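Each answer follows from the model by the rule given with it, or from the source it names; these are not laboratory values. Backbone-built Cβ (ideal geometry, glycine too); neighbour counts: all protein chains shown.
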Amino acid sequence: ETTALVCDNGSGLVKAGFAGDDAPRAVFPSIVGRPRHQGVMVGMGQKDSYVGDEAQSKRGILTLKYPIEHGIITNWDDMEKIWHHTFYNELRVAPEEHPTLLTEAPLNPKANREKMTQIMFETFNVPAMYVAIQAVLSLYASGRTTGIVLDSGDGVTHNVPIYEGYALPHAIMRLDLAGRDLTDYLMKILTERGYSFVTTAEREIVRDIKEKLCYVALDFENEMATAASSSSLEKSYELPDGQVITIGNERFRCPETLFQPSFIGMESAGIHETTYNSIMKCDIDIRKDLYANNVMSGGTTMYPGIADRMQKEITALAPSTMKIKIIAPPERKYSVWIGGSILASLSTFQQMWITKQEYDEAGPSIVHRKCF
Amino acid sequence: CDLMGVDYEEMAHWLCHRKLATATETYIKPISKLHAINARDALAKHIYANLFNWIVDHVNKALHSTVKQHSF
Amino acid sequence: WXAXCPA
Amino acid sequence: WXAXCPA
Amino acid sequence: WXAXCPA
Ligand SMILES: Nc1ncnc2c1ncn2[C@@H]1O[C@H](COP(=O)(O)OP(=O)(O)O)[C@@H](O)[C@H]1O
Ligand SMILES: [Mg+2]
């Protein structure tokens, strides 16, 4: 009949699809390119801007911009280009026919939701929509009603404790560390070894290096002692021009800055200490049930060994007599989408949508009272 | 597996794991004992319902006649 | 952002 | 250098 | 503190 669209804007990848199917059928980077060189050949069909995988294919000749930075949409016309491309090109569905479900990080400005709703109603003319919290959807995705979700995409990291379906909004922690600034750190440490990656395309090469070769050390000092004392840890990667580059302690040393943000120069504690300091803000009767479920979400939690490092140092911080259990399903990169796909298909949820009648009556202000 | 002519190792793997595929990328992941039991019983029900529809279609092949039916 | 961070 | 730039 | 609150 009619099936809601489910869209998660993220930073980096857009992933989108229809409610009640199990994985997104559109996935592509939320990136817009504009050509920067003088075009020479007449009659080429040359185009004003490129979106998604087009801008990845041609990225040699493009300036690449991300329209979302730390979960805040900074540039709105490019975000409208990304949604226009998503609905018409990727899904090939007319948005007037389908409710749309949209996903956001907690504690980000309200103007972002007001503009997202004004755009979805006025330009797209979407009949109904909703804005959902990224972390809440990872519980729907992992089959739980209780747990402290740790979520990290590109941009924002946040912890959200939930207990039997009640959020605890005073205990929500948010951190801007994750994912892009790891790449801007890797580009800085790789220069030490004599490699220089400046352009926005070279940043995409370093992002691919990070996704292939980085891993998290169980003990950071033992492994720096080992990699100073050996070649055994060292891996080599082939650049798109067929050069070959060799990467040593940098590969474990890059994601350690998740646990020691002072490397990039932040003043806040690592994700393990924001997790523990988030559990410490919950009332003592429920802490046992948060230690028994920790749910990792989003791509920045994909590094090998990040679960066992998290469990090791949280088990160091926690009182000795409790199970600490870290839950990290291999699919977790899509968990926020799978959770929104579940949520949008419930029958109880069909009264939750903001309808255009209500937007017309109350204006975009309504989103704050109706949505979370 | 002997009765049904399948590789023991493939039924033993797929009974306990389920597979999800994004358009570029596929993940195999385990499932709990409850989901494994629910899926075995859904397989048994799906086999039975298809065998039933098959016996009904082979009865219909015996009952049909070639003259075009004007009305019934 | 509008103050603390760049976005 | 050894990758990006020529030196 | 020592039990309830953090200090
Ligand atoms: N296998 C991987 N290992 C390490 N990092 C990854 C991996 N896959 C993606 N990433 C990084 O995680 C970020 C993408 O995560 P994602 O969940 O898609 O972001 P968002 O939630 O904003 O859509 C990017 O910075 C990307 O480089
Ligand atoms: Mg996300």
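Determine the pairs where a residue that is closer than 30 Å to A:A16 by Cβ, located within segment A:316-334, has a partner that is among the hydroxyl-bearing types (S, T, Y) and crowded, with 18+ Cβ neighbours inside 10 Å with Cβ atoms under 6 Å apart, the partner being 6 or more residues away or on another chain.
Sorted first by the residue in segment A:316-334, then by its partner, the pairs are A:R332/A:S297.
Which is over 26 Å from A:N277 (Cβ atoms) and either more than 11 Å from every other protein chain (Cβ to nearest Cβ) or in contact (Cβ under 8 Å) with a residue 40 or more places away in the chain (or both), of A:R193, A:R180?
Answer to the selection: A:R193.
Need the failing condition index for A:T74 against (1) within 17 Å of the chain's Cα centre (by Cα); (2) touching a residue at least 60 places away in the same chain (Cβ under 8 Å), just the number.
For A:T74, the exception is condition (2).
Select from segment A:1-28 the residues that are within 13 Å of ligand 2 (Cβ to nearest atom) and over 20 Å from A:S142 (Cα atoms) and write down the one among them that is nearest to the other protein chains (Cβ to nearest Cβ).
Only one residue fits best here, namely A:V27.
Taking segment A:58-72, which residues are within 13 Å of chain C (Cβ to nearest Cβ) and outside any strand (DSSP E or B)?
A:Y66, A:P67, A:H70, A:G71
Scanning segment B:26-36 for residues that are out of contact with any strand residue (DSSP E or B) (no Cβ under 7 Å at 6 or more places or on another chain) and loosely packed, with under 12 Cβ neighbours inside 10 Å, which turns out nearest to A:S142 (Cα to Cα)? If you could, list the steps in order and put the result at the bottom.
First, pick out the residues of segment B:26-36 that are out of contact with any strand residue (DSSP E or B) (no Cβ under 7 Å at 6 or more places or on another chain): B:32-36.
Narrowing further to those that are loosely packed, with under 12 Cβ neighbours inside 10 Å: B:32-34.
Values: B:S32: 12, B:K33: 16, B:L34: 15 Å.
Going through the qualifying residues, I end up with B:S32.
Here are A:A94, A:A111: which of them is surrounded by fewer than 19 Cβ atoms within 10 Å (Cβ to Cβ), of a type in the set (A, V, I, L, M) and more than 14 Å from every other protein chain (Cβ to nearest Cβ)?
A:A94
On the given criteria, is A:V206 within 12 Å of another protein chain (Cβ to nearest Cβ), more than 16 Å from ligand 2 (Cβ to nearest atom) and under 21 Å from A:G305 (Cα atoms)? Full working, then the answer.
Working: within 12 Å of another protein chain (Cβ to nearest Cβ): yes; more than 16 Å from ligand 2 (Cβ to nearest atom): yes; under 21 Å from A:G305 (Cα atoms): yes.
For A:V206, the condition - within 12 Å of another protein chain (Cβ to nearest Cβ), more than 16 Å from ligand 2 (Cβ to nearest atom) and under 21 Å from A:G305 (Cα atoms) - is met.
Which ones in segment A:271-298 are crowded, with 19+ Cβ neighbours inside 10 Å and free of Cβ contacts under 8 Å to residues at least 40 places away in the same chain?
A:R287, A:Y291
Does any residue in segment B:1-24 that is more than 21 Å from B:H35 (Cβ to Cβ) come within less than 6 Å, Cβ to Cβ, of a residue that is not in a loop (DSSP other than H, G, I, E, B) six or more places away or on a different chain, and which pairs are these?
Pairs that qualify, where the first residue is more than 21 Å from B:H35 (Cβ to Cβ) and the partner is not in a loop (DSSP other than H, G, I, E, B), are B:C1/B:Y8; B:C1/B:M11.
Would you mind stating whether A:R174 is within 21 Å of A:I279 (Cβ to Cβ), surrounded by fewer than 22 Cβ atoms within 10 Å (Cβ to Cβ) and in contact with a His (Cβ under 9 Å, 6 or more places away or on another chain)?
Here the answer is yes, as A:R174 does meet what is asked.
Could you give me the residue pairs with C-beta distances under 9 Å whose first residue belongs to segment A:48-60 and is under 14 Å from A:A26 (Cβ atoms), whose second residue is hydroxyl-bearing (S, T, Y) wherever it lies, and which are 6+ apart or on separate chains?
Between residues of segment A:48-60 that are under 14 Å from A:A26 (Cβ atoms) and residues that are hydroxyl-bearing (S, T, Y), the close pairs are A:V51/A:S30; A:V51/A:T86; A:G52/A:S30; A:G52/A:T86.
Can you find a residue that is outside any strand (DSSP E or B), more than 16 Å from ligand 1 (Cβ to nearest atom) and under 30 Å from A:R207 (Cα atoms) anywhere in segment A:92-110?
yes
With the structure loaded, tell me whether A:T86 is within 16 Å of ligand 2 (Cβ to nearest atom), among the polar types (S, T, N, Q) and surrounded by 17 or more Cβ atoms within 10 Å (Cβ to Cβ) or whether it fails that test.
Details: within 16 Å of ligand 2 (Cβ to nearest atom): yes; among the polar types (S, T, N, Q): yes; surrounded by 17 or more Cβ atoms within 10 Å (Cβ to Cβ): yes.
Answer is yes for this residue.
Go through segment A:117-168 and tell me which strands (runs of 3 or more DSSP E), entirely inside it, have 1 or more residues that are in the same structural domain as A:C282 (by CATH), acidic (D, E) and within 14 Å of ligand 2 (Cβ to nearest atom).
Details: elements: A:128-133, A:147-152, A:157-163.
Qualifying strands (runs of 3 or more DSSP E): A:147-152.
State the number of residues belonging to segment A:337-361 that are of a type in the set (A, V, I, L, M, F, W, C), touching a helix residue (DSSP H, G or I) at 6+ places or on another chain (Cβ under 8 Å), in a helix (DSSP H, G or I) and away from chain B (no Cβ under 14 Å).
Matching residues across segment A:337-361 total 2.
Among the residues of segment A:20-47, which ones are part of a loop (DSSP other than H, G, I, E, B) and in contact (Cβ under 8 Å) with a residue 24 or more places away in the chain? Step through it out loud before you land on a result.
Filtering segment A:20-47 for residues part of a loop (DSSP other than H, G, I, E, B) gives A:20-25, A:30-31, A:36-47.
A:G20, A:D21, A:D22, A:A23, A:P24, A:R25, A:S30, A:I31, A:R36, A:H37 - these are the residues of segment A:20-47 that are part of a loop (DSSP other than H, G, I, E, B) and in contact (Cβ under 8 Å) with a residue 24 or more places away in the chain.
Looking at the structure I just gave you, is A:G17 in a strand (DSSP E or B), more than 13 Å from ligand 1 (Cβ to nearest atom) and either touching a residue at least 60 places away in the same chain (Cβ under 8 Å) or surrounded by fewer than 15 Cβ atoms within 10 Å (Cβ to Cβ) (or both)?
Numbers: in a strand (DSSP E or B): yes; more than 13 Å from ligand 1 (Cβ to nearest atom): yes; either touching a residue at least 60 places away in the same chain (Cβ under 8 Å) or surrounded by fewer than 15 Cβ atoms within 10 Å (Cβ to Cβ) (or both): yes.
Yes, satisfied.
Looking at (1) under 16 Å from A:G340 (Cα atoms); (2) within 16 Å of ligand 2 (Cβ to nearest atom), find the lone condition where A:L107 falls short.
(1)
Return the only residue of A:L177, A:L182 being under 30 Å from A:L139 (Cβ atoms), assigned to a helix (DSSP H, G or I), within 22 Å of the chain's Cα centre (by Cα) and of a type outside the set (D, E).
Only one candidate qualifies: A:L182.
Using beta carbons and a limit of 8 Å, which pairs, at least six apart or on different chains, have the first residue in segment A:138-155 and among the basic types (K, R) and the second one more than 14 Å from ligand 2 (Cβ to nearest atom)?
Here the result reads A:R144/A:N293, each pair linking segment A:138-155 to a residue that is more than 14 Å from ligand 2 (Cβ to nearest atom).
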